[PDB]
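Coordinates in review
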Amino acid sequence: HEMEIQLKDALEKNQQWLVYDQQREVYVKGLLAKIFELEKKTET
Amino acid sequence: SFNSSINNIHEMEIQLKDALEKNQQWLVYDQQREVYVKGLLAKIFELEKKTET
Amino acid sequence: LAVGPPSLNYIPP
């Protein structure tokens, strides 16, 4: 059944977004941590 | 009975249309993250510039 | 099941 197949491909990509999303969120948090450190600097 | 078999085909169709437009939601979501992220990079560049002077 | 984004619009942490 062809609808059965593309349901699996939809769910596959859906899993690839998910892991990609985890990586991106770590990256966003890293930039925010860097900004925090920079704003802390000066300041003083 | 055969009710279970029919319901499953509805259910399976439900899932695909839910999964398809979920990935489409991902595209939009991620596009907005890119915007936010390039903003943060511009902000870092100005903070680094400011902490150098 | 399929998983969608935590919101329709990007919300920063």
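Residues numbered from 1 in each chain as written, not as in the entry; some residues may be left out. Chains lettered and ligands numbered in written order. Heavy atoms only, no water.

Method of structure determination, per the deposited record: X-ray crystallography was used for this entry, reaching 2.301 Å resolution.

The next thing to look at is the packing of aromatic side chains. Aromatic ring pairs are reported here in terms of the distance separating the ring centres and the angle at which the planes meet. This structure, assessed with the given rule, holds five aromatic pairs over all chains. Aromatic side chains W17 of chain A and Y20 of chain A sit 6.0 Å apart centroid to centroid with 85° between the ring planes, which places their arrangement in the edge-to-face category. Of the two residues, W17 of chain A and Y20 of chain A both sit in helix α1 (residues 2-41), three residues apart, roughly one turn of that helix. Plain terms: the ring middles of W26 of chain B and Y29 of chain B are 5.2 Å apart, the flat faces sit at 90° to each other, and that makes the pair edge-to-face. Within this pair, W26 of chain B and its partner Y29 of chain B are both found in helix α1 (residues 3-52), separated by three residues, close to a single helical turn. (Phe/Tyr/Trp six-rings, centres within 6.5 Å; stacked < 30°, edge-to-face > 60°. Helix = DSSP H or I, 4+ residues; strand = E, 2+ residues; numbered from the N terminus.)

The subject of this paragraph is the interface of chain C and chain B. Each partner contributes residues to the interface: chain C has 11 residues there, and chain B has 11 residues. Of all residues in chain C, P5, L8 and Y10 of chain C give up the largest surface area on contact with chain B, accounting jointly for 51% of the area buried on that side. Linking chain C to chain B there are zero salt bridges. At the junction of chain C with chain B, the criterion picks out three residue pairs in polar contact. (Contact = heavy atoms within 4.5 Å. Buried area = accessible area lost by both parts, 1.4 Å probe. Salt bridge = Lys/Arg side-chain N within 4 Å of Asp/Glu carboxyl O. Polar contact = N/O pair within 3.5 Å; in protein donor to acceptor, adjacent residues only side chain to side chain.)

Take the pattern of salt bridges next. Applying the stated rule across the entire model yields six salt bridges over all chains. Among the ionic pairs, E34 of chain B bridges to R24 of chain A, the shortest N-O distance being 2.8 Å. With one member in each of two chains, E34 of chain B in helix α1 and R24 of chain A in helix α1 form a pair that bridges those chains. We note a salt bridge from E25 of chain A to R33 of chain B, for which the minimum N-O separation is 2.8 Å. A residue pair is termed interchain when its members come from two chains, as with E25 of chain A in helix α1 and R33 of chain B in helix α1. What you see here is one network of salt bridges that share partners, running through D21 and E25 of chain A together with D30 and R33 of chain B.

To continue, consider the side chain of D21 of chain A. Along the chain, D21 of chain A falls in helix α1. What makes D21 of chain A buried here is its relative accessible area of 11%. Discounting chain neighbours no more than four positions away, the residues touching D21 of chain A are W26, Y29 and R33 of chain B. (Buried < 20%, exposed > 50% of the residue type's maximum accessible area, 1.4 Å probe, protein only.)

This next bit is on the environment of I44 of chain B. Along the polypeptide, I44 of chain B turns up in helix α1. The class for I44 of chain B is buried, based on a relative accessible area of 5%. Between the C-alpha atoms of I44 of chain B and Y29 of chain B, which are 15 residues apart in sequence, the distance is 23 Å. Not counting residues within four places of it along the chain, the set of residues in contact with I44 of chain B comprises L31, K34, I35 and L38 of chain A.

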